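Containing mmCIF, C-alpha atoms: model-v8.cif.
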data_work
loop_
_atom_site.group_PDB
_atom_site.id
_atom_site.type_symbol
_atom_site.label_atom_id
_atom_site.label_comp_id
_atom_site.auth_asym_id
_atom_site.auth_seq_id
_atom_site.Cartn_x
_atom_site.Cartn_y
_atom_site.Cartn_z
ATOM 1 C CA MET F 1 88.707 102.420 114.377
ATOM 2 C CA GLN F 2 92.481 102.796 113.968
ATOM 3 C CA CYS F 3 94.631 99.702 114.487
ATOM 4 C CA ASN F 4 95.463 99.423 118.200
ATOM 5 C CA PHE F 5 97.292 96.070 118.276
ATOM 6 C CA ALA F 6 97.002 96.217 122.073
ATOM 7 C CA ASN F 7 93.200 95.753 121.876
ATOM 8 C CA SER F 8 93.652 92.042 121.236
ATOM 9 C CA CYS F 9 97.323 91.621 122.041
ATOM 10 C CA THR F 10 98.639 90.574 125.445
ATOM 11 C CA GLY F 11 102.063 90.013 126.976
ATOM 12 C CA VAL F 12 104.057 92.346 124.771
ATOM 13 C CA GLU F 13 107.843 92.500 125.059
ATOM 14 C CA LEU F 14 110.489 94.577 123.296
ATOM 15 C CA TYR F 15 114.139 93.702 122.769
ATOM 16 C CA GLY F 16 116.154 96.150 120.686
ATOM 17 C CA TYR F 17 113.450 96.503 118.038
ATOM 18 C CA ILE F 18 111.373 93.326 118.314
ATOM 19 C CA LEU F 19 107.819 93.517 119.636
ATOM 20 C CA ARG F 20 106.473 90.110 120.512
ATOM 21 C CA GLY F 21 103.221 89.147 122.129
ATOM 22 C CA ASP F 22 100.102 87.012 122.048
ATOM 23 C CA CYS F 23 97.497 88.429 119.699
ATOM 24 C CA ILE F 24 94.068 86.843 119.374
ATOM 25 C CA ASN F 25 93.051 85.615 115.926
ATOM 26 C CA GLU F 26 89.617 84.887 114.394
ATOM 27 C CA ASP F 27 89.561 81.609 116.345
ATOM 28 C CA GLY F 28 89.484 83.590 119.574
ATOM 29 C CA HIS F 29 92.771 82.204 120.833
ATOM 30 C CA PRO F 30 95.954 84.218 121.516
ATOM 31 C CA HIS F 31 98.619 83.526 118.902
ATOM 32 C CA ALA F 32 102.251 84.457 119.482
ATOM 33 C CA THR F 33 103.440 86.929 116.875
ATOM 34 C CA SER F 34 106.417 89.234 116.642
ATOM 35 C CA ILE F 35 107.029 92.462 114.786
ATOM 36 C CA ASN F 36 110.191 94.354 113.889
ATOM 37 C CA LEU F 37 109.620 98.003 114.747
ATOM 38 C CA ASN F 38 112.996 98.719 113.164
ATOM 39 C CA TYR F 39 111.352 98.387 109.753
ATOM 40 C CA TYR F 40 108.138 100.269 110.562
ATOM 41 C CA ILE F 41 109.220 103.181 112.748
ATOM 42 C CA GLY F 42 111.571 106.025 111.950
ATOM 43 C CA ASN F 43 113.492 108.678 113.821
ATOM 44 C CA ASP F 44 112.896 112.293 112.849
ATOM 45 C CA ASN F 45 114.834 114.974 114.735
ATOM 46 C CA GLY F 46 115.832 112.305 117.231
ATOM 47 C CA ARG F 47 112.187 111.517 117.831
ATOM 48 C CA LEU F 48 110.074 108.443 117.220
ATOM 49 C CA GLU F 49 108.000 108.888 114.091
ATOM 50 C CA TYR F 50 105.060 106.628 113.230
ATOM 51 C CA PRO F 51 106.133 105.240 110.145
ATOM 52 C CA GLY F 52 109.713 105.044 109.353
ATOM 53 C CA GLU F 53 112.683 102.825 108.677
ATOM 54 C CA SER F 54 115.786 101.757 110.605
ATOM 55 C CA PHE F 55 115.054 103.857 113.708
ATOM 56 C CA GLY F 56 116.794 101.358 115.989
ATOM 57 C CA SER F 57 119.924 102.029 114.007
ATOM 58 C CA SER F 58 120.102 105.449 115.683
ATOM 59 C CA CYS F 59 117.847 104.834 118.688
ATOM 60 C CA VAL F 60 118.458 103.271 122.095
ATOM 61 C CA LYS F 61 116.457 102.400 125.239
ATOM 62 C CA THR F 62 113.779 100.711 123.139
ATOM 63 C CA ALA F 63 110.852 99.773 125.380
ATOM 64 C CA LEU F 64 107.066 99.545 125.281
ATOM 65 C CA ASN F 65 104.925 101.608 127.642
ATOM 66 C CA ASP F 66 101.550 100.149 128.635
ATOM 67 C CA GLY F 67 101.910 97.821 125.647
ATOM 68 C CA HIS F 68 100.869 100.516 123.162
ATOM 69 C CA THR F 69 103.515 103.232 123.107
ATOM 70 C CA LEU F 70 107.129 102.736 122.053
ATOM 71 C CA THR F 71 109.811 104.658 123.906
ATOM 72 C CA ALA F 72 113.358 105.288 122.767
ATOM 73 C CA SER F 73 116.092 107.904 122.583
ATOM 74 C CA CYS F 74 117.212 108.890 119.083
ATOM 75 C CA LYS F 75 119.788 111.213 117.578
ATOM 76 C CA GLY F 76 118.897 113.808 114.949
ATOM 77 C CA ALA F 77 117.609 116.887 116.758
ATOM 78 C CA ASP F 78 121.069 118.471 116.630
ATOM 79 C CA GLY F 79 123.755 115.799 116.591
ATOM 80 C CA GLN F 80 122.365 114.795 119.950
ATOM 81 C CA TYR F 81 119.844 112.250 121.162
ATOM 82 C CA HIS F 82 116.563 112.807 122.990
ATOM 83 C CA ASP F 83 114.148 110.522 124.807
ATOM 84 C CA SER F 84 110.887 110.197 122.913
ATOM 85 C CA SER F 85 107.818 108.012 122.599
ATOM 86 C CA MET F 86 105.546 106.914 119.794
ATOM 87 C CA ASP F 87 101.958 105.740 120.010
ATOM 88 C CA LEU F 88 102.037 102.553 117.959
ATOM 89 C CA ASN F 89 98.261 102.495 118.344
ATOM 90 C CA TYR F 90 98.090 103.973 114.834
ATOM 91 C CA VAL F 91 101.240 102.345 113.457
ATOM 92 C CA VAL F 92 100.544 98.698 114.325
ATOM 93 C CA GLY F 93 97.464 96.530 114.704
ATOM 94 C CA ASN F 94 96.294 92.983 115.216
ATOM 95 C CA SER F 95 94.928 91.072 112.275
ATOM 96 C CA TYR F 96 93.998 87.444 112.863
ATOM 97 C CA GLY F 97 96.773 86.911 115.397
ATOM 98 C CA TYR F 98 99.183 87.959 112.688
ATOM 99 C CA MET F 99 101.638 90.859 112.668
ATOM 100 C CA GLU F 100 99.896 93.645 110.776
ATOM 101 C CA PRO F 101 101.512 97.039 111.449
ATOM 102 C CA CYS F 102 99.116 99.429 109.779
ATOM 103 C CA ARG F 103 100.488 102.953 109.805
ATOM 104 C CA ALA F 104 98.257 105.998 109.422
ATOM 105 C CA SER F 105 100.659 108.133 107.393
ATOM 106 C CA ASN F 106 103.882 107.224 105.556
ATOM 107 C CA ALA F 107 103.418 109.777 102.796
ATOM 108 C CA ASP F 108 105.837 110.904 100.030
ATOM 109 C CA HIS F 109 108.742 108.484 100.479
ATOM 110 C CA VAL F 110 111.499 109.593 102.829
ATOM 111 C CA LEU F 111 109.528 111.338 105.546
ATOM 112 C CA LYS F 112 112.481 110.627 107.818
ATOM 113 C CA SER F 113 114.118 113.687 106.270
ATOM 114 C CA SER F 114 116.857 111.562 104.732
ATOM 115 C CA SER F 115 118.285 112.980 101.525
ATOM 116 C CA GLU F 116 120.697 110.085 101.257
#

What is this file in C-alpha cells?
Amino acid sequence: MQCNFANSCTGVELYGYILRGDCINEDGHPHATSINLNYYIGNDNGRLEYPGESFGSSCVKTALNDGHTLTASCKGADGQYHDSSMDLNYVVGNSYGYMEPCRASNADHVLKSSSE
C-alpha cells in the first residue's frame, strides 16, 4: 500500500523545500496542493532521511526526481555535505487532493541525531 503521493499527483515542482502539484481527490479531479518537505524530512549524516525536521536548513540543491524521490546535498557526514536522495514514496502521500505526508518511521523523537 504505502503512500506514494505520485500515484495520483501530477506536475510536481520543488523550490527550496516546497513540493507543489496537482493531486486528484475523491471527486476525480486534480487539486493543486503544496507540501513543505522542510518540516517532514530530515538530514542525518548529510543524507536525506524520511522523516525529519528542518533539513532544508542544512541542505541545498533541493529537487524532485521522477516526481517521487527528493534529491539534495546536506552537511553532517563529517562537517561536509554530500549529495543524497530520499524516496518520498513512503514519506508523503495523496489523500483527497490534500497534502498528507505519511511517513513510515519517525520513531523515538530526534532520529536526526540532534542532542540539542

(message) Residues near region 96-110 of chain F, anyone? I mean within 12 Å using only C-alpha atoms, not counting same-chain ones fewer than 6 positions away, as JSON, numbers by chain.
(response) {"F": [1, 2, 3, 4, 5, 6, 7, 8, 9, 10, 18, 19, 20, 21, 22, 23, 24, 25, 26, 27, 28, 29, 30, 31, 32, 33, 34, 35, 36, 37, 38, 39, 40, 41, 42, 43, 44, 49, 50, 51, 52, 53, 54, 86, 87, 88, 89, 90, 116]}

Those same residues - C-alpha atoms - I'd like them written as a compact mmCIF listing (two decimals), in the coordinates of the input.
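Result written to part.txt:
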# COMPACT_ATOMS: atom_id res chain seq x y z
CA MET F 1 88.71 102.42 114.38
CA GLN F 2 92.48 102.80 113.97
CA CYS F 3 94.63 99.70 114.49
CA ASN F 4 95.46 99.42 118.20
CA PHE F 5 97.29 96.07 118.28
CA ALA F 6 97.00 96.22 122.07
CA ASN F 7 93.20 95.75 121.88
CA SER F 8 93.65 92.04 121.24
CA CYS F 9 97.32 91.62 122.04
CA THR F 10 98.64 90.57 125.44
CA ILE F 18 111.37 93.33 118.31
CA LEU F 19 107.82 93.52 119.64
CA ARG F 20 106.47 90.11 120.51
CA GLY F 21 103.22 89.15 122.13
CA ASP F 22 100.10 87.01 122.05
CA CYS F 23 97.50 88.43 119.70
CA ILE F 24 94.07 86.84 119.37
CA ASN F 25 93.05 85.62 115.93
CA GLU F 26 89.62 84.89 114.39
CA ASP F 27 89.56 81.61 116.34
CA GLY F 28 89.48 83.59 119.57
CA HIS F 29 92.77 82.20 120.83
CA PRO F 30 95.95 84.22 121.52
CA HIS F 31 98.62 83.53 118.90
CA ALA F 32 102.25 84.46 119.48
CA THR F 33 103.44 86.93 116.88
CA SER F 34 106.42 89.23 116.64
CA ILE F 35 107.03 92.46 114.79
CA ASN F 36 110.19 94.35 113.89
CA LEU F 37 109.62 98.00 114.75
CA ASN F 38 113.00 98.72 113.16
CA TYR F 39 111.35 98.39 109.75
CA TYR F 40 108.14 100.27 110.56
CA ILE F 41 109.22 103.18 112.75
CA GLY F 42 111.57 106.02 111.95
CA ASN F 43 113.49 108.68 113.82
CA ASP F 44 112.90 112.29 112.85
CA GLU F 49 108.00 108.89 114.09
CA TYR F 50 105.06 106.63 113.23
CA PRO F 51 106.13 105.24 110.14
CA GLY F 52 109.71 105.04 109.35
CA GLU F 53 112.68 102.82 108.68
CA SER F 54 115.79 101.76 110.60
CA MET F 86 105.55 106.91 119.79
CA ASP F 87 101.96 105.74 120.01
CA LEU F 88 102.04 102.55 117.96
CA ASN F 89 98.26 102.50 118.34
CA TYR F 90 98.09 103.97 114.83
CA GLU F 116 120.70 110.08 101.26

(request) Kindly indicate which residue among F:111, F:66, F:48, F:71 lies nearest to residue 16 (chain F), using all atoms listed in the file for the distances. (result) F:71

(message) Could you tell me how far CA of residue 91 (chain F) sits from CA of residue 65 (chain F), in Å to one decimal place?
(response) 14.7 Å

(message) Can you pull out the residues contacting residue 81 (chain F)? Cut-off 10 Å, using all atoms listed in the file, and skip same-chain residues under 3 positions away; I want them as a PyMOL selection string.
(response) chain F and resi 45-47+58-60+72-78+84

Quick one: axis-aligned box around all listed atoms of region 14-27 of chain F, 5 Å on every side, centre and edge lengths in Å to one decimal, written as JSON.
{"center_x": 102.9, "center_y": 89.1, "center_z": 118.8, "size_x": 36.6, "size_y": 24.9, "size_z": 18.9}

(request) Using all atoms listed in the file, pick whichever of F:80, F:68, F:55, F:17 has the shortest atom-to-atom distance to residue 114 (chain F). (result)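 That would be F:55, the residue with the smallest distance to residue 114 (chain F).
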